[PDB]
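Quick setup: one chain, the form deposited in one PDB entry, written in structure tokens, and binding and motion questions come after.
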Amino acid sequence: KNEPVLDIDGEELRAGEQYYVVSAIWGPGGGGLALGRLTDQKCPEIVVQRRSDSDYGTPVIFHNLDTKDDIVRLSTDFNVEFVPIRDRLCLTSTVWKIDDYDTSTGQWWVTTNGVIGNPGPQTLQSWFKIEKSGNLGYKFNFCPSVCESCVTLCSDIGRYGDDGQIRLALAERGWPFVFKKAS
């Protein structure tokens, strides 16, 4: 089977367990990903990266395409969902999805209100993959295979400034991350 993604402990990523997604480049490279919100719009929440490298952000849970496989594997479609530690401020889901195109910035954002499950055309924008990033950790990729007939975007996920925050978006060069177990 496909090679497993590993956390910083070298342990295989397990679907359903909570992990921080932390920049593999610390210092000026910032910290972990978090359930963010635009200054002018509080819902749906967006995916942002904390600017301080010790702020790991909000943990995520992975949901495997292959339900019988407990391991999150490279180059394999999955759903990702934030697990907020605070009470919800929105009723939208915390599941990552690619947004509709943003004409005001030229970006295809990673935002929330995605859908867990039902791989196919209805849920195309909610399926992500992890690939190796050079020799420095791991990289998110949006290139779903869940709908063989669908035309889809295929691109790495990078970071991009917006609203005085660091958001995630489709980009030529993917930003590298490591995975740390979260209690």
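So that the term is clear: the rigid core is the largest set of C-alpha atoms that superpose within 1.5 Å between two forms. Numbers for residues come from their place in the sequence shown, where the first is 1.
Where do the C-alpha atoms have the higher mean temperature factor in this entry, in 68 to 76 or in 89 to 97? Mean C-alpha B-factor is greater for 68 to 76.
Would you tell me which stretch averages the higher CA B-factor in the PDB entry, 116 to 124 or 135 to 143? The stretch with the larger mean CA B-factor is 135 to 143.
For the chain shown, is the CA B-factor of residue 58 in the lowest, middle or highest third of its modelled residues? For residue 58, the deposited C-alpha B-factor lands in the lowest third.
Using the B-factors in the PDB entry, rank residue 10's C-alpha atom against the chain and give the third, lowest, middle or highest. It belongs to the lowest third of the chain when residues are ordered by C-alpha B-factor.
Residue 129: which third of its chain by C-alpha temperature factor? Within its chain, residue 129 is a lowest-third residue by C-alpha B-factor, going by the deposited values.
Residue 21 - Cα temperature factor, lowest/middle/highest third of chain: For residue 21, the deposited C-alpha B-factor lands in the lowest third.
Give the position of residue 152 by CA B-factor within its chain, expressed as the lowest, middle or highest third. For residue 152, whose C-alpha B-factor we compare with every modelled residue in the chain, the answer is the lowest third.
This next part talks about the form deposited in another entry, which is not shown.
Core-superposed comparison between this form and the one not shown, residue 40 Cα displacement 2 Å or beyond: Residue 40 C-alpha, core-superposed: shift of 2 Å or more.
I want to check residue 84: does it shift between this form and the one not shown by 2 Å or more at the Cα, with the core superposed? Yes, the C-alpha moves 2 Å or more.
Residue pair residue 44, residue 85 - Cα distance in the other form, closer or farther (3 Å or more): They are closer; the C-alpha distance drops by 3 Å or more in the other form.
Note whether the distance between the C-alpha atoms of residue 85 and residue 119 decreases (closer) or increases (farther) in the other form, against the displayed form; the change is 3 Å or more. Here the pair is farther apart than in the other form; there, closer.
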